[PDB]
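# Architecture and fold: a report
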Amino acid sequence: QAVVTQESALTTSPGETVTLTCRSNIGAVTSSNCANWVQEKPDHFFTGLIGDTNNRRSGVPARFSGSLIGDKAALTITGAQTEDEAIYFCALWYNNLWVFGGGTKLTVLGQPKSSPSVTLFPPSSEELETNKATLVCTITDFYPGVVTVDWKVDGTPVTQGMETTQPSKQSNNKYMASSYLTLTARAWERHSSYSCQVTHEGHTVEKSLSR
Amino acid sequence: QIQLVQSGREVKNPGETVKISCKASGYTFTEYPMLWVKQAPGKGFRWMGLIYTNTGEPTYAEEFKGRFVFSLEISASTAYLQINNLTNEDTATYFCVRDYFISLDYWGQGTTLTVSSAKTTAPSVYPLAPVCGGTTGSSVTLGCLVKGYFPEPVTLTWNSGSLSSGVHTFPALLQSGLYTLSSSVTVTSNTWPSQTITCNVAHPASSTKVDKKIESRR
Amino acid sequence: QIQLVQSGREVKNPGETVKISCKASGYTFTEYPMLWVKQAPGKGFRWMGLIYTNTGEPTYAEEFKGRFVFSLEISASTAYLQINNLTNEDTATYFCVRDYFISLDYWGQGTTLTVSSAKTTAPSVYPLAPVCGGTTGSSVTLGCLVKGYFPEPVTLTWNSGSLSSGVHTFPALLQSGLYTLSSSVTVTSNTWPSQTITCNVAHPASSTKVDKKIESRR
Amino acid sequence: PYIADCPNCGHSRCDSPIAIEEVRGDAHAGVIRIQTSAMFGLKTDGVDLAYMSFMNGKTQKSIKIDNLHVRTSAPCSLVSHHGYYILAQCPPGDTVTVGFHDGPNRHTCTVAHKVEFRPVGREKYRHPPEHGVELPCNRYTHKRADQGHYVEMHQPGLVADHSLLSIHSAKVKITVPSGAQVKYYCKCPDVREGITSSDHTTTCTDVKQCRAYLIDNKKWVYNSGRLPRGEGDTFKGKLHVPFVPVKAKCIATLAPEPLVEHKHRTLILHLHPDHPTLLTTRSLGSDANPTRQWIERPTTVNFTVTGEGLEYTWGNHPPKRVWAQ
Amino acid sequence: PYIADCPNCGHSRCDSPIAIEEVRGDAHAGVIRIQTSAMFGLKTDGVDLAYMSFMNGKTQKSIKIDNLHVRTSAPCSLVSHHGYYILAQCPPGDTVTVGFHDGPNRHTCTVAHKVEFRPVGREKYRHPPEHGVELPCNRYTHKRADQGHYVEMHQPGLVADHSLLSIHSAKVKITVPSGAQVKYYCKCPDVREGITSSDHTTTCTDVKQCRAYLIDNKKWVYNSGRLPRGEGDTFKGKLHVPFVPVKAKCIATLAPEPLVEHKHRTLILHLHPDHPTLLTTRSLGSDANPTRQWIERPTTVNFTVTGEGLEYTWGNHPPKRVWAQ
């Protein structure tokens, strides 16, 4: 019966100072709200940063500090780093329960771009024994995390049969994704040239197999 | 130091019950109670309640009083979430968390539930070896395709888990009523096919375990 | 809603008296008293005092205790300023104002007094029609020249005031001991001279009223 | 931090979080132990006794203690706070009058209670001195590491909160704090218990005929007389008292020495105290023949001393003795 | 906001705008109605009772009330202000001591006045409790919408202001506030009335021998004894009093119940009050034989009850009655 509000997204560059805020719909935030700040890195990875407004969890870099600014709780990153790019959630206590904010997606300049590593595999034979054939195109270590995957059977853009996952964040903070093109044992044996084309930060990478 | 490791992700058809465990490490269980948080797919983070790991009394958020029941295997430093008469809109991830320092200091890994009607289909595990010709670089990428299973989850390792560096496991995705997953691994060109590289797959719901060695196409 | 409309501007030779009215609209007269402010030509704004429109007691600024007297036709929602034994340096504009909200919220239009010795000369009203040749555009500008009168003020309207859009009335200016004023009006070329356009001029001090229809030069 | 009904809360009976119950002017050392219904001390979570959590709204406000004021006939001196409870050195006073300053408002609370401070001793001072003998007074501690007693502290009952009962553009609309348990119905027939998230109200319309309740028993309370019972149960929550009365030796009283004057089997004593002093004696014959009189006005007195002896007690100054042969 | 001569204005007799006249410790409810010569309330013009207009200079200063302090033996509690007049809940005190804080200076005012607060009832408390019976006390209102009386408030007389009497480089130079009426001459012969704008002084030179006066009767005043008469006339300005004494039922006293003990046609009564309680009785025979005694010290008393009956009045606790056959 209280609504915590946070900035939606904030973009900064390595070395800058950035402030995230946490607003309560009922009134000014005070020390009896024990503002907590939590960080979510990709992979459902949670860590606590600050608690009780300004107590930094142990092993959280000092570039992170909490405070009350005006009528709201604030988190300041002093010397933001590339590693700080994540979702920050604030939590406020209200005498009997906790209310979490919507979280702020923070983007920090860094991590020089990285091209994808693409590999296309042929349907294995144990699978061709099922009267099925699935060409797997794996794409890993790319950043920025956005790609376009296009399949081309025998020179012709396939347009049905393919499925491409959504970019998932790896540990190093780069992304990955795979695309599947399912044919029939038979569709397989028919056509002759398969190719998985991946477009990333303007360059294209085509990986073709030959049956 | 502090590790809260949670159970793996379940699939359950509407109406069922689930018991999600949270095994605590590094602290004295008894002086720090447990927060249960629901991060629903879109919606963001929500406090489900707190359990006094000393007395055993639970607090539920009003949204959670009813089908939700917190309990603890005190003795083993485990806290547990049980959601009875599962509703389809309970698919989400649930985190256990330690309340300390006027807030929460450590969060668990999460246990994701997918409430969904469906039978039980064992996966087909297929080796992904490089193209029949050449493939000459400083390294080499092999793969493993885990196709057509239900429900979640499956676990996948490489060489019983001794080969973890250079691995990309790709989140399972639903296609035509079945889940499909895949994984790649990259090693130096001297390692393979000199040394054996094996994909290990388990599907608990069907009691299926498959070990598939990646063999050269010729 | 609230309108404080003031009397028109007077001319008075030194020594005379003037009663400036302020007719209030939109509020209950009685719960809001009246501020009288003098904005002297150069000098800026000055509080002259306040009148309790409930009891009737006036406060005068010390600068104004003496020749100045506030009063009110309660009954008609009017407050009035009377300046007796007019001094030449009383030429300025006087505003009535409503005191409310810990300050003043509404101001009137102003009544400007020009204390100045001079007889009474009626104005000559001259029509200003376009040049004898052509004058072909999408619109057309006519005019009216009110020349050589004393004292102020004169009022000027176009077609009894039904034609107000596209009118520019030019402030009266003193030249050789007399005031001269002028006005222009712009209408579509189809309106004039098809439809009649008439300048209406009144000079209260001489009881002069002149209606001059603008006629084509040929 | 519990909230109850202060009796003369500046104007009149408000509901202050610092509502004063259990005034105890029963010790000797200028000290009173008080319970506010407010629980100052650490914050909501974990830090710093010297912060300040009262209830504003349904909610706490765990912030700094900046400008506490206990007072009586004069302004008191704080001694220490722990939990709901404060110890403060006060003078005597017909009443007790407490209050902090949140910063926007004074927000005090006041109460009647007969207070006095007799020091232990045959001197009836009004106040503890800097010097004099030490002797066994009764007094409360500075500290918190205390278990000598514990008072029952089970749940709160519900509380009113008509900020909940908004309007759904024609119907009266209840909401919830955080999913807390709101106990609801109106004079008309509609939902009769209320254990819910934010409900509406089909039947009634007026806010003034409905059950705005907060069963919010995630944190227990002190069992104030100005509490409504939590009707369900005697929940747990046995909770200590910090400020136990202890056998401190107060820095304590002493009356100025007497002027001993001899006569024949008789003590003339020109005497001149600081404060009312209970003098008394014991003629040590099996005939006791004692005497008692509080002396505040300087007085030359007399004592028919016998052959065997008399003793003499100038206040808590030690007892004298005398051979009058 | 009138300005008069405070009697012990911190140091000694200043001229404070809050000069205290008409202290009235005549009610019962811990309350005093006071008149400052200062008119706090709305501003000069129109807004907010809770602002603060006193006189600084010849001029007002209509600003915030931030740090008012009425006080006595202890600090009082404000109740409400309206006009020149403030109501404040005070304890007893030999004096009355008032003061705000402008911000640069304390700027207080103090006065003698015998104050007490008996509550209505046969209990002689020192202070109102939280509980007890209600009964018809005398007390002042919170409010302003009040006409029950009105005091004369006609003009001010002149006032001194030697800030006016500057020097015209050899002559003493008077000025004017705003065209106000300055009443002027010096011991020497020069201008003899003074109804003027800024004049000079032809004859005298010294500031200390001239009439620095301000007939500034655009706003009336309270008719303080510490006002000089406006010699011209009894101008109008009949003006109400806000704080009328009204028949409030104070939350009021109650003495602890008696211990009734039977004897043969005799009431032994072990008795133990909180405060001095006037007990009294009426032996209902045509022989009245009543008794009165304030009881503050606990006392076992006796009453020869007759055959027909006696009655018994433990303070403002209701009267009892007794059959002693």
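Each chain's residues are numbered sequentially from 1 according to the written sequence, a convention that need not reproduce the entry's numbering, and residues without coordinates are excluded. Chain labels run from A onward and ligand labels from 1 onward, assigned in the order the entries are written. Bear in mind that the chains are drawn from a larger assembly and that all values refer to what is shown. Based on all heavy atoms of the structure, the side-chain values leave hydrogens and waters out of the count. Residues with missing side-chain atoms are left out of burial classes, side-chain pairs and their counts.

Method of determination for the deposited model, per the PDB record: cryo-EM, at 7.3 Å resolution.

### Some remarks on the overall build of chain B
What counts as a helix is a DSSP run of H or I of at least four residues, what counts as a strand is a run of E of at least two, and both are numbered from the N terminus. When helices and strands are tallied, chain B shows zero helices and 18 strands. In terms of principal-axis extent, the alpha carbons of chain B reach across some 65 × 40 × 30 Å. For the exposure calls, accessible area comes from a 1.4 Å probe over protein chains only, and a residue counts as buried if that area is under 20% of its type's maximum, exposed if over 50%, partly exposed in between. The proportion of buried residues among the 218 residues of chain B is 51%. Pairs of residues are marked as contacts when any of their non-hydrogen atoms sit within 4.5 Å. Partitioning the contacts of chain B with sequence separation of at least 6, the portion at a separation of at least 24 is 58%.

### A few points about the state of the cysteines
Our working definition of a disulfide is a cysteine sulfur pair at a distance within 2.5 Å. Counted according to the given criterion, the structure contains 18 disulfides over all chains. Each disulfide pairs two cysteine sulfurs, and for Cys144(C) the partner residue is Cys199(C), the sulfurs being separated by 2.0 Å. Here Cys144(C) and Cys199(C) share a disulfide; its torsion about the S-S bond, -90 degrees, makes the bridge left-handed. Of this pair, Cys144(C) sits in strand β13 (residues 139-149) while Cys199(C) sits in strand β17 (residues 198-203), placing them 55 residues apart in sequence. With relative accessibility at 0%, the residue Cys144(C) sits in the buried group. Note on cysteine connectivity: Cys9(D) is disulfide-linked to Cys14(D), with sulfurs 2.0 Å apart. Judged by the sign of its S-S torsion, about 60 degrees, the cystine formed by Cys9(D) and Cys14(D) is right-handed. The connectivity of the disulfides in chain D is 1-6, 2-3, 4-5, 7-12, 8-11, 9-10, where the numbers refer to bonded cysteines in sequence order. Disulfide partners in chain B, listed by the sequence order of the bonded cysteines, are 1-2, 3-4. With no disulfide of its own, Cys34(A) has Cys22(A) as its nearest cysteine by sulfur position, at a separation of 12 Å. With relative accessibility at 1%, the residue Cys34(A) sits in the buried group. Between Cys132(C), a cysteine without a disulfide, and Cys144(C), which holds the nearest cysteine sulfur, the sulfur-to-sulfur distance is 18 Å.

### Considerations on the sheet that holds strand β14 (residues 148-153) of chain A
All names here are of chain A. Here, any two strands with at least 2 DSSP bridges between them count as paired. Strand order in this open sheet of four strands is β15-β14-β19-β20, and the pairing throughout is antiparallel. The sheet terminates laterally at β15 (156-157) and β20 (203-210), the two strands that pair on one side only. With two bridges joining them, β14 and β15 adopt antiparallel strand pairing. Across the sheet, the residue bridging to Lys 152 is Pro 157, located in β15.

### Section: the pairing of strand β6 (residues 77-82) of chain D
The two faces of the sheet receive side chains in turn, since in a regular strand these alternate between them. Residue and element names in this part refer to chain D. In the sheet, β6 pairs with strand β7 (residues 85-89) via five bridges, with the strands oriented antiparallel. The partner of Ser 80 across the bridge, within β7, is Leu 87. As consecutive antiparallel partners, β6 and β7 are separated by two residues, and within that stretch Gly 83 has a phi angle of approximately 80 degrees, a positive value.

### Considering the arrangement of the chains
Across the five pairs of chains that are in contact, the largest number of contacts falls between chains A and B. Between chain A and chain C there is no contact, and the shortest C-alpha to C-alpha distance separating them is 27 Å. Considering only C-alpha positions, the minimal separation of the non-contacting chain C and chain D is 23 Å.

### Regarding the interface of chain C and chain E
Contacts between the two partners involve twelve residues from chain C and, on the opposite side, 14 residues from chain E. At the boundary of chain C with chain E, total buried surface from both sides reaches about 960 Å², with 52% on carbon and sulfur atoms. Broken down residue by residue, the surface that chain C buries against chain E is led by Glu62(C), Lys65(C) and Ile102(C), which jointly contribute 63%. For this analysis, a salt bridge means a side-chain nitrogen from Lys or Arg found within 4 Å of a carboxyl oxygen belonging to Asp or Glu. Across the contact surface, chain C and chain E share one salt bridge. Where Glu62(C) meets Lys218(E), a salt bridge forms, and the shortest distance between an N and an O atom there is 3.9 Å. Polar contact is defined as a pair of N or O atoms within 3.5 Å, subject to the rule that within protein one atom must be able to donate a hydrogen and the other to accept it, and that residues adjacent in sequence are counted only when both atoms are side-chain atoms. Joining chain C to chain E, the criterion identifies five residue pairs in polar contact. Any residue outside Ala, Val, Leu, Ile, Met, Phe, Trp, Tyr, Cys, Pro, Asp, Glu, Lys and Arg is labelled polar, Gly included; the first ten of those are nonpolar and the last four are charged. Here the residues of the side of chain C that touches chain E sort into six nonpolar, two polar and four charged. We define buried area as the total accessible area lost by two parts upon association, computed with a 1.4 Å probe and summed across both.

### Some words on the pairing of strand β18 (residues 208-213) of chain B
Residue and element names in this part refer to chain B. Pairing between strand β17 (residues 198-203) and β18: six bridges, direction antiparallel. Looking at β18, one finds that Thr 198 is bridged to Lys 213. Taken together, β17 and the strand that follows it, β18, pair antiparallel across an intervening segment of four residues, in which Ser 207 is found at a positive phi of about 55 degrees.

### Let's talk about the nonpolar core
Buried residues of nine kinds, namely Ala, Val, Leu, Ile, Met, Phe, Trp, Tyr and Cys, make up a nonpolar core once their side-chain atoms join them within 4.5 Å. By size, the foremost hydrophobic cluster in this structure holds 72 residues, and its most contacted members are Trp37(A), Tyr88(A), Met34(B), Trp36(B), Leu81(B), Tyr94(B) and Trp107(B). Counting residues per element, this core draws most heavily on strand β9 (residues 86-93) of chain A, which supplies seven residues. By size, the runner-up hydrophobic cluster in this structure holds 29 residues, among which are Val18(C), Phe70(C), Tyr94(C) and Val115(C).

### Looking at the pattern of salt bridges
Opposite charge on two side chains allows them to pair when their charged atoms are near. In the structure shown here, the tally under the stated rule is 40 salt bridges over all chains. Its salt-bridge partner being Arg67(C), residue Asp90(C) comes within 2.5 Å of it at the nearest N-O pair. Of this pair, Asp90(C) sits in the loop between β8 (78-83) and β9 (92-100) while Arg67(C) sits in the loop between β6 (58-60) and β7 (68-73), placing them 23 residues apart in sequence. Judged by its relative accessible area of 3%, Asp90(C) falls in the buried class. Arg67(C) sits in the partly exposed class, given a relative accessible area of 23%. Linking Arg13(D) and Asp5(D) is a salt bridge whose minimum nitrogen-to-oxygen distance equals 2.5 Å. Overlapping salt bridges, with partners in common, bring together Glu62(C), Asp216(E) and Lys218(E) in one network.

### Description of the packing of aromatic side chains
For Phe, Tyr and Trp, where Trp contributes only its six-membered ring, two rings pair if their centres lie within 6.5 Å, and the inter-plane angle classes them as stacked under 30 degrees, edge-to-face over 60, or tilted in between. In total, this model carries 48 aromatic pairs over all chains according to the counting rule given. Summarising the aromatic geometry, the rings of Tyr27(C) and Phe29(C) are spaced 6.2 Å apart at their centres and angled 45 degrees between planes, so their arrangement reads as tilted. Relative accessible area serves as the criterion here: at 15%, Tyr27(C) is assigned to the buried category. With relative accessibility at 6%, the residue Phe29(C) sits in the buried group. Relative to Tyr85(D), the ring of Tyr84(D) lies with its centre 6.2 Å away and its plane at 50 degrees, an arrangement referred to as tilted.

### Structural notes on the interface of chain B and chain A
Each side of the interface is counted separately: chain B has 41 residues, and chain A has 44 residues. When chain B packs against chain A, the two sides together hide about 3500 Å² of surface, and 64% of this comes from carbon and sulfur. By the criterion of area lost to chain A, the three top residues of chain B are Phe45(B), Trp47(B) and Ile102(B), representing 18% of everything that side buries. Across the contact surface, chain B and chain A share one salt bridge. With its nearest N and O atoms 2.6 Å apart, the salt bridge here joins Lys212(B) to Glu126(A).

### Describing unusual backbone geometry
In this model, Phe150(C) is joined to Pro151(C) through a cis peptide bond whose omega is 0 degrees. With respect to the helices and strands, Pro151(C) occurs in the loop between β13 and β14 (155-158). Put simply, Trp192(C) and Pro193(C) share a cis peptide bond, and its omega is 0 degrees. Not every positive phi belongs to a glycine, and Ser77(B) is a case in point at roughly 55 degrees. The topology assignment puts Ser77(B) in the loop between β7 (68-73) and β8 (78-83). Unusually for a residue other than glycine, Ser169(E) sits at a positive phi of about 70 degrees.

### Overview of the side chain of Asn95(A)
Topologically, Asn95(A) is positioned in the loop between β9 and β10 (98-100). Here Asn95(A) falls in the buried class, since its relative accessible area comes to 6%. Separated by 2.6 Å, the side chain of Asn95(A) and the backbone oxygen of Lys58(D) make a polar contact. Those residues in contact with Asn95(A), other than ones at most four positions away along the chain, are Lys58(D), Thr59(D), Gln60(D), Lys218(D) and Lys219(D).

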